[PDB]
Amino acid sequence: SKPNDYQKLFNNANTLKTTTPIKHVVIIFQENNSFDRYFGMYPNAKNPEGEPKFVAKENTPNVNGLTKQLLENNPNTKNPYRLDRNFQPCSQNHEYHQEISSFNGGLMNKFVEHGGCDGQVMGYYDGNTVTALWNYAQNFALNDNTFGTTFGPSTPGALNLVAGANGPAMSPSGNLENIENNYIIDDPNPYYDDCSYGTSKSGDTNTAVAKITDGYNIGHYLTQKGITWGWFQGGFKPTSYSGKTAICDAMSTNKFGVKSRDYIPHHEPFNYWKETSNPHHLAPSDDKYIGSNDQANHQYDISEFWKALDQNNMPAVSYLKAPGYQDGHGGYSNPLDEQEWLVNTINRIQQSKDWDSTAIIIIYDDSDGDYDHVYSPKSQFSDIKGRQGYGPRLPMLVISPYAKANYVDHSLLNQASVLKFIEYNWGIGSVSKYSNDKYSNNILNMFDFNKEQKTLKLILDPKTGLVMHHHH
Amino acid sequence: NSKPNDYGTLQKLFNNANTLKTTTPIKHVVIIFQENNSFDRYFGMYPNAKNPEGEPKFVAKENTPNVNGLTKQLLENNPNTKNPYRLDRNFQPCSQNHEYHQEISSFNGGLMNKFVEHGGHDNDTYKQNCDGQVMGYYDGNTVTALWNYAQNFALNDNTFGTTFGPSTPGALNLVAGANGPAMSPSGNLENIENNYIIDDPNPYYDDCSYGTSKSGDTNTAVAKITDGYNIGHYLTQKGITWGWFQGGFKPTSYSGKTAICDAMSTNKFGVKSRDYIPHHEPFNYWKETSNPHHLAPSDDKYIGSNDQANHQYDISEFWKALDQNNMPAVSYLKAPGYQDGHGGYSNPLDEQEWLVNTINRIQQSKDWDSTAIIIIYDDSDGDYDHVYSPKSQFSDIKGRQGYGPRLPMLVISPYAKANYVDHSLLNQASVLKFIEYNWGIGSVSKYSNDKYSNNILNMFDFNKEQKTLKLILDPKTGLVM
Ligand code: VO4
Ligand code: VO4
């Protein structure tokens with residue numbers, strides 16, 4: 001119920017030596033959707049009356065999605081079906097062991113049993129609902145062969161994105177059902193975070209906390225090299241303080257009336273290492289120091305990204321995490337609120353003076369446990385207890401003036417491919433002996449650095465996802 | 001095609017491969033291109049063998065990695081109308097249907113559940129002699145050598161045919177990463193779609209394609225590649241020693257200037273077949289890289305270099321080059337038919353004899369220290385494999401659907417990780433990618449999948465202090481000698 005015992009200005013990202021023309025990568029880390037749920041039906045939409053109309057461009061390449069056979073004779077006890085945009089989607093079961101059970105040894109036929117609201121595990125959306133996401137694929141690059149580095153929920157997902165490893169780790173509560181063979185398989189809260197504890201509405205007295213005990217994440221290396229970087233999350237800014245201790249009680253109500261916490265502590269991977277943490281959610285020492293070294297330790301409210309961007313101090317590496325209601329997670333979020341966040345954010349970055357050297361990556365943390373038909377290949381760590389993977393397949397997009405347009409990359413990626421790109425582009429090696437970065441393919445087939453004409457900005461209506469300063 | 005077509009418009013010693021600049025310690029790659037077995041058929045049950053009395057015994061070593069193979073669920077509750085089942089050592093396996101379209105039909109939109117329906121042949125005949133064999137798998141009591149290679153070297157369980165379909169697309173994909181553009185004097189028939197070869201037309205530039213040879217067939221159309229290069233073009237340009245070395249390539253006679261390839265062998269089950277299989281010789285589909293009259297090297301010293309042979313050789317020429325310290329930088333080995341692994345006319349035991357004798361002999365040579373041997377297959381026979389293969393970048397192009405079925409892939413080398421399963425996504429053009437990477441060549445053509453293919457470097461450890469040991473086996477059993 002209470003928190004446990006726990007200035008240097010960087011050169012502008014634009015001046016840094018990089019392997020590619022990309023000077024700024026922005027990773028928009030959304031929640032809880034399988035590849036098939038979002039793109040299985042791409043690029044075919046129902047187009048009923050009164051919903052945003054989607055019509056695919058001629059010669060849209062195909063995705064490894066939901067075929068006639070998968071739609072009509074699914075091995076599961078219920079067939080895939082089209083989810084309504086007007087209803088609030090539930091959250092399915094994304095526990096490590098449950099997801100493996102759904103996969104059922106390759107049969108991929110126990111999702112109703114182990115992903116179960118019931119039956120929504122089989123639901124998919126099309127372009128009438130995930131309109132923006134589908135329009136982004138129509139104009140930029142999509143990968144249909146990207147997987148969670150391990151099976152399991154949101155905390156392994158976040159740790160794998162920034163370290164390519166989900167441990168080694170310890171908890172004061174012991175392993176419980178959170179940790180297996182030193183690797184985090186569920187969602188203990190981060191140790192070094194005031195807002196994990198019962199003093200915050202965003203915290204939980206009965207959620208265990210965990211810390212990483214060996215191996216670095218990417219932040220160690222970006223800080224060391226003087227590369228401007230940050231994790232920017234909705235709700236990170238405390239609503240109040242209670243004697244040194246930060247209180248994160250910010251809440252929003254989603255389109256479907258669900259009020260939820262803005263800040264989700266177990267979605268903040270850098271606060272699992274002591275070195276990369278900002279436990280008191282300290283604001284930047286100044287707007288000028290966003291992305292550099294100071295009391296914030298590279299951990300920020302989402303508001304600070306926009307201050308940096310608008311002040312010509314866009315970081316080299318920015319992770320963007322929506323306020324809860326917009327992160328795309330079932331139950332408390334949904335595709336319409338997510339789309340507003342996605343469209344507003346991506347519109348704003350494209351309008352900025354740094355769009356010309358930017359790559360935006362949309363990737364997910366976990367599948368919610370939702371149906372996807374692909375029996376994921378093994379990772380090099382799959383024989384190690386607590387590191388089973390690869391996990392379920394996820395949406396992955398690259399939005400950039402250097403992105404291939406209306407292009408589907410079939411290259412085998414995992415969450416540590418994002419890590420691989422950062423390492424490749426800024427000249428950093430493998431983060432640790434635990435990391436999957438060493439085995440991950442890069443994302444370069446989603447880019448064309450040789451073409452003369454740039455891929456143009458795509459400005460959309462945040463309320464519909466349909467095609468519609470510099471400063472907002 | 002009873003007689004050879006007209007071939008239309010009618011010497012340089014390369015430096016020793018050991019003197020060449022390379023990216024890695026590998027100065028010699030040997031690609032042993034076997035036939036017609038899916039990953040699951042050969043390795044789905046790895047590393048668990050039945051070990052019935054009298055059959056060559058396999059136990060797995062401590063810490064053998066797991067493969068993406070046949071689980072309890074796939075074994076007991078398979079989506080197909082018949083469950084996977086263990087094939088015996090003791091019978092001549094049939095050949096299943098590895099046609100481009102039939103294989104796609106087995107996959108059945110991702111259900112992977114129509115193999116009995118489409119992996120078989122609708123044939124009297126097949127029904128009475130072969131029923132159910134599409135679902136058969138072997139274990140270490142049959143494919144003993146191959147399982148022991150995996151136990152001592154590197155195996156990849158995520159390697160696929162570049163396209164769906166049979167042997168010719170596989171061979172073209174291996175050497176070019178593309179199965180066209182191509183044309184046949186006979187038109188498409190069921191051989192070509194959208195100028196890509198989807199079945200087995202014989203090579204145009206090969207005397208032994210035609211009815212004059214028992215290896216040939218009057219009623220089989222020929223085809224040629226009309227645009228785009230293969231790796232041979234680049235190796236020759238660059239003066240890198242290379243060859244394709246195949247059993248039965250040496251003609252048994254000449255009728256005027258026409259080579260006759262009538263060599264035959266009898267397998268262990270009494271099945272007699274042609275040693276030479278023209279539609280397995282990919283370089284003869286390009287005029288530029290062909291040796292249509294099967295001319296011999298000008299001299300042993302010229303094996304791998306430029307002369308009348310144009311880098312196309314009888315298997316016998318490989319051993320000569322090896323024994324005389326002129327091992328090529330790049331060598332493709334193709335067994336005489338009876339030992340190529342293909343159902344119907346070959347089998348695991350004849351194949352195993354070929355593999356063991358070949359690999360023993362390379363390991364015993366002076367250049368093993370700088371060699372990597374790759375074992376990879378051309379096609380799956382249409383045999384069961386559970387993996388719904390991911391798409392290639394050419395999958396929306398008619399005649400180029402892929403990736404096709406998953407195949408066995410091994411790397412045997414003093415530099416190979418030992419008892420290691422690489423899960424990297426490979427396809428047949430990954431072999432091409434390795435050659436290009438190692439010897440400093442770019443993509444072969446705008447048509448090639450090489451540019452989208454991962455390399456095989458996760459199967460090597462060039463940094464470890466102790467070299468991977470030789471594995472000398474008994475060709476009769478595949479057991480350690
Ligand atoms: O681990 V989560 O329920 O925040 O997708
Ligand atoms: O297409 V082949 O039957 O020579 O494996």
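All chains are named by letter (A, B, ...) in the order of the sequence lines, taking the proteins before the strands, and each is independently numbered beginning at 1. Values reported hereafter were calculated over all heavy atoms of this structure, with side chains retained and with hydrogens, waters and symmetry mates removed.
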**Request:** Could you tell me whether the side chain of B:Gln401 and the main chain of B:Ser395 form a donor-acceptor pair under 3.5 Å?
**Result:** yes
**Request:** Determine the sole option in A:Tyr407, A:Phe140, A:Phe449, A:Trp355 for which the ring-ring contact (aromatic ring centres under 6.0 Å, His included) test with A:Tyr402 is passed.
**Result:** A:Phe449
**Prompt:** What's the spacing between A:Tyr42 OH and A:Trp134 CH2 if we round to 0.5 Å?
**Reply:** 8.0 Å
**Asked** Between the main-chain N or O of A:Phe421 and the side-chain N or O of A:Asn425, is there a donor-acceptor pair closer than 3.5 Å?
**Response** no
**Request:** Examine the side chains of A:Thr223 and A:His298 and answer whether a donor and an acceptor come within less than 3.5 Å of each other.
**Result:** yes
**Message:** Under 3.5 Å, is there a donor on one side chain and an acceptor on the other for A:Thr60 and A:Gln138?
**Reply:** yes
**Message:** Regarding A:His472 and A:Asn344, do their side chains bring together a donor and an acceptor under 3.5 Å, going by distance alone?
**Reply:** no
**Message:** If we ignore hydrogens and angles and just use 3.5 Å, is the side chain of A:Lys404 paired with the main-chain N or O of A:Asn445 as donor and acceptor?
**Reply:** yes
**Request:** Compute whether any side-chain donor of one residue and acceptor of the other, for A:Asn414 and A:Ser440, lie under 3.5 angstrom apart.
**Result:** yes
**Asked** Hey, does the side chain of A:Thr67 reach the backbone of B:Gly109 with a donor-acceptor pair shorter than 3.5 angstrom?
**Response** yes
**Message:** Could you walk me through whether A:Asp370 and A:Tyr124 satisfy the side chain to side chain contact (heavy atoms under 4.5 Å, CB included) test, starting with their C-alpha distance in whole Å, then the side-chain angles of each, then the deciding distance to 0.1 Å, before giving a yes or no?
**Reply:** CA-CA 9 Å; A:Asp370 290 325; A:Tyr124 63 79; over 6 Å; no
**Message:** Please tell me whether A:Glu31 and A:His267 have a donor and an acceptor in their side chains that are separated by less than 3.5 angstrom.
**Reply:** yes
**Positive for ring-ring contact (aromatic ring centres under 6.0 Å, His included) with A:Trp229, one of A:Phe270, A:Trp426, A:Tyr300** = A:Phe270
**Request:** Determine whether more than 12 heavy atoms belonging to other residues, nucleotides or ligands lie under 6.0 Å from atom NZ of A:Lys454.
**Result:** yes
**Prompt:** Is there a donor in the side chain of A:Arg85 and an acceptor in the side chain of A:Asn334, or the other way round, less than 3.5 Å apart?
**Reply:** no
**Asked** Is the side chain of A:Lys23 donor-acceptor paired with the backbone N or O of A:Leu16 at a distance under 3.5 Å, no angle test?
**Response** yes
**Item:** Residues A:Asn64 and A:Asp144: side-chain donor-acceptor under 3.5 angstrom
**Value:** no
**A:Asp409 and A:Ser411: side chain donor to acceptor below 3.5 Å** = yes
**Prompt:** Just by modelled atom types, is the A:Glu304 backbone N or O under 3.5 Å from a matching donor or acceptor in the A:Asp301 side chain?
**Reply:** no
**Asked** Does any non-hydrogen side-chain atom of A:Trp306 lie less than 4.5 Å from one of A:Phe232?
**Response** no
**Flag, side chain of A:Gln415 to backbone of A:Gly148, donor-acceptor distance under 3.5 Å** = no
**Asked** Within the side chain of A:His471, is there an N or O that forms a donor-acceptor pair under 3.5 Å with the backbone of A:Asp310?
**Response** yes
**Message:** For the backbone of B:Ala178 and the side chain of B:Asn449, can you confirm whether one donor and one acceptor N or O come within less than 3.5 Å of each other?
**Reply:** no
**Prompt:** In Å, rounded to the nearest 0.5 Å, how long is the span from CG of A:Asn442 to CG of A:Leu413?
**Reply:** 8.5 Å
**Request:** Look only at the side chain of B:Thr162 and the backbone of B:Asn173, and say whether a donor-acceptor pair between them is shorter than 3.5 Å.
**Result:** no
